[PDB]
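A single chain, nothing else alongside it, follows as structure tokens in the form deposited in one PDB entry.
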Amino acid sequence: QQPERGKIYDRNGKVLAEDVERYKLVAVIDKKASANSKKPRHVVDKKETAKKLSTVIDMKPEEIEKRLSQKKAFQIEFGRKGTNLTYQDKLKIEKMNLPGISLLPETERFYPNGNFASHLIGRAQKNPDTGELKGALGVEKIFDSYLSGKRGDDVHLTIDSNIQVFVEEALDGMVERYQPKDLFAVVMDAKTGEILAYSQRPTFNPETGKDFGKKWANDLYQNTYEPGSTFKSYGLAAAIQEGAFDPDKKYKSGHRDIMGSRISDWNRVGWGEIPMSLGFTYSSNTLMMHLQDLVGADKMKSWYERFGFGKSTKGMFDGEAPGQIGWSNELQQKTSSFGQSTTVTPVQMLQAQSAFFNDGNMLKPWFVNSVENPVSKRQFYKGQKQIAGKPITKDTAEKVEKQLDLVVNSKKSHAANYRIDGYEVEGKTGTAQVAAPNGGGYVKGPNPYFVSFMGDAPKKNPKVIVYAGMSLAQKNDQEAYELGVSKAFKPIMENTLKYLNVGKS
């Protein structure tokens, strides 16, 4: 009855989701089925049958024999344990030659990679009455009308399964090491905006349904973060274009007094009068507050808006969050300079960061390559590189890139743990407090931080941008503070560059 639901593909044609035939176990227990037959067509020994069935379906013989003993029933099924059985399960059941036992073909949605870009691909759910499948999250839901049928259309993603494996492995390592409450990593083509890989933790397995529903939100498009100091790059860009930033000019570091709050550099005492470039390498908060004064508060708010913040990127993901620029008072304004109070989505961060490597042009990130029917060959949609806006000049973009280089590679860098032997890396570190969901403060604890890194490589002319973020390590929180996401950035970026044939040296 149901039309075949279309497939979801990665950018090289690997199947990410497709319909398959599986099998459901049925046991006829009524004698009436065997009235006309010499060999029985119903279960004659319920105990032996239960014992043999327990060697295939995940159910104890005692529960099977209980289900076989239901009164006033012609045939029985075994709930979830008796459905979605494989062809090999079917073979071993059938070789037992158990009277009354058969297997019914049923259509199931199959995700060949299991837990793999799960919050992007989503999950399609089955209506048992009809077999009708309906997407409940991500691409399966966004494109449900196209995917469902004739035959539904296929959706091709920009995701590269080879790069996605690197991301899934690195994120597993972060879970083991740090048990964070939230975790994401994303890899984008620095020159086109294509999402090459995306994952988050915790997540679900779309194949089995394990943990589906425990977190509805996709981190890339629907979750918001106070970004911390990765956000300083946009304040730097603005201050550069306005002439307030001079890399060699000195400024007074240490602290600033804003509406009765002491906002200090991370070492409390500062470094005296130091060049602005060094302050950016040190990730000086007083530098950013100084530059905001020089530019002017009204102008800086417009600057963050021109970089796309506070607005949806208008991607094809459902319910994209807008974030919010925290600007309601001077304290909010000043803390926004280093990525506190303001909330962003990771996709806004990627869009904004792409400006520095595309002559000032922001690229709209995208992950849908095409929607098209393989039978009719109709192309309903084709993704493309699109400029989201040009907030800065090419000259400003280069001067920002020079400072991002210094953050990682300066002889005074405090981010050398993001270096990769053989490759040149650049980017910006972040450590931020995390808003408590309930009650009006920050999560309390020894190191209750969202730590992140917006990185790109090769430096100056990158092939990819890799952004990774970790919220609230429940294990090794002190090291999470010290090393940030470097134990995820380094395996993802190194393997990705090798796979993209970037020569090491």
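One-based numbering along the sequence shown.
K.L.:
What size is the break between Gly149 and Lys150 in terms of deposited sequence residues left without coordinates: none, 1 to 3, 4 to 9, or 10 or more?
P.N.:
The entry has a long gap there, with 10 or more residues left out between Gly149 and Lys150.
K.L.:
For the stretches 309 to 317 and 251 to 259, which has the higher mean C-alpha B-factor as given in the deposited record?
P.N.:
The stretch with the larger average C-alpha B-factor is 251 to 259.
K.L.:
Taking only the CA atoms, which stretch has the higher mean B-factor in the record, 177 to 185 or 412 to 420?
P.N.:
That would be 412 to 420.
K.L.:
Taking the values straight from the PDB record, which of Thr49, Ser452, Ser34, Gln70 has the highest C-alpha temperature factor?
P.N.:
In this record, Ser34 carries the highest C-alpha B-factor of the candidates.
K.L.:
In terms of recorded Cα temperature factor, pick the maximum from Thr429, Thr86, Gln241, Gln222.
P.N.:
Reading the PDB entry, the winner on C-alpha B-factor is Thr86.
K.L.:
Can you tell me which third, lowest, middle or highest, the CA B-factor of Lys385 falls into for its chain?
P.N.:
Ranked within chain, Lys385 CA B lands in the lowest tercile.
K.L.:
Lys504's Cα B-factor: lowest, middle or highest third of the chain?
P.N.:
Ranked within chain, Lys504 CA B lands in the highest tercile.
K.L.:
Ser471's Cα B-factor: lowest, middle or highest third of the chain?
P.N.:
For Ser471, whose C-alpha B-factor we compare with every modelled residue in the chain, the answer is the lowest third.
K.L.:
Compared with the other modelled residues in the chain, in which third is the CA B-factor of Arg123?
P.N.:
Answer is lowest: the recorded C-alpha B-factor places it there.
K.L.:
If you rank every modelled residue in this chain by C-alpha B factor, which third holds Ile465: lowest, middle or highest?
P.N.:
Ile465: CA B-factor falls in the lowest third of its chain.
What follows is about the form deposited in another entry, which we do not show.
K.L.:
Looking at the change between this form and the one not shown, work out which of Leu294, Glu21, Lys92, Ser261 is at the hinge joining the two rigid parts.
P.N.:
Among the listed options, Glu21 lies at the hinge between this form and the one not shown.
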